[PDB]
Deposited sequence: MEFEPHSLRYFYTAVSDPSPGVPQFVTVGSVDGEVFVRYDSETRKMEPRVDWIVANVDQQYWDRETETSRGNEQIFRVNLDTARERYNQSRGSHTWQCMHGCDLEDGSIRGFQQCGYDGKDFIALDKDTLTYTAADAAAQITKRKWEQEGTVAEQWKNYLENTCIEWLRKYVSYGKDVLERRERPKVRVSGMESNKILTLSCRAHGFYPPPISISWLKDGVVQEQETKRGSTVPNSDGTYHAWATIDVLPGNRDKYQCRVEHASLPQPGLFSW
């Protein structure tokens, strides 16, 4: 059901391995589909469905715009450093924007952060920017005084962003709307029982531990759901139990790919 389009922009004053001076990543339903950085200087596909569906003009325009954004982000690091009276050093500037389509309604956001703390965010309902502190109030004033900044962002988030998200979902439908069943294995140590689900899609899942059919919530440990390299996901749940109550315990897995919850034993 729900879909999202998001762009993540990261600029750093001190690059390091794995961390270019500037990177932009676009994601649809949480999966990266395009990436640009200051070293390749090209917007590049990271999934097949995007290449097979847009023209070379898409790549050229995205590459030109990203080359322009690189410069802006370089300037914004400088401005932020001076607003906070900071010496040269290691700093980060990040911005994220995007839209969600759910049921009939639309959500959109645009927000930036400096050294990992909020700086400024759009309030799309009031067409104002919310400033985290005095430094960010100067930016609030600049963007609100310009007279068109919040309105252009409102337009992009509610219109342009949603229009592209619909096109993306349509291009990727076979990937994005597929269902892949979890492959589940139960293990145990010294007794710690572990129910691990491998390779499911989409990411929502519910793994519960039952003692003779009884949902043991308060005693269930759970990881964060995490991706595999092929765009499928992984999740686990453990239970700390007394050695040799073993027969009693079953793992239940609820997932869209499974018409009925799966039940698994050690």
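- Missing from the model relative to the deposited sequence are positions 1 to 3, 194 to 197 (no C-alpha coordinates, numbering from 1).
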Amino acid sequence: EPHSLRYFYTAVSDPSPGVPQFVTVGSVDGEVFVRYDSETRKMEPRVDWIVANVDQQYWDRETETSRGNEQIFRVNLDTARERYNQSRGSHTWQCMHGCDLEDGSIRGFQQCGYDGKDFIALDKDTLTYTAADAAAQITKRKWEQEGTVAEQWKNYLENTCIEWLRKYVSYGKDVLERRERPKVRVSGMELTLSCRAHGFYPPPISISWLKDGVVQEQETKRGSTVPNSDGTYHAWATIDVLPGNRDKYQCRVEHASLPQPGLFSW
From here on, numbers count along this sequence of modelled residues.
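- Stretches 100 to 108 and 127 to 135 differ in mean C-alpha B factor, with the higher average recorded for 100 to 108.
- When 234 to 242 is weighed against 197 to 205, 234 to 242 comes out higher, by mean CA B-factor as recorded in the entry.
- Among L165, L122, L157, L191, the highest C-alpha B-factor recorded in the PDB entry belongs to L191.
- Within the group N69, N53, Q216, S229, the record's highest C-alpha temperature factor is found at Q216.
- The PDB entry assigns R35 a C-alpha temperature factor belonging to the lowest third of its chain's modelled residues.
- Per-chain ranking of the deposited C-alpha B factor places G113 in the lowest third.
- In the PDB entry, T220 places in the highest third of its chain by CA B-factor.
- Sorting the modelled residues of the chain by their CA temperature factor places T79 in the lowest third.
- Per the deposited record, the Cα B-factor of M43 falls in the lowest third when ranked against the other modelled residues of its chain.
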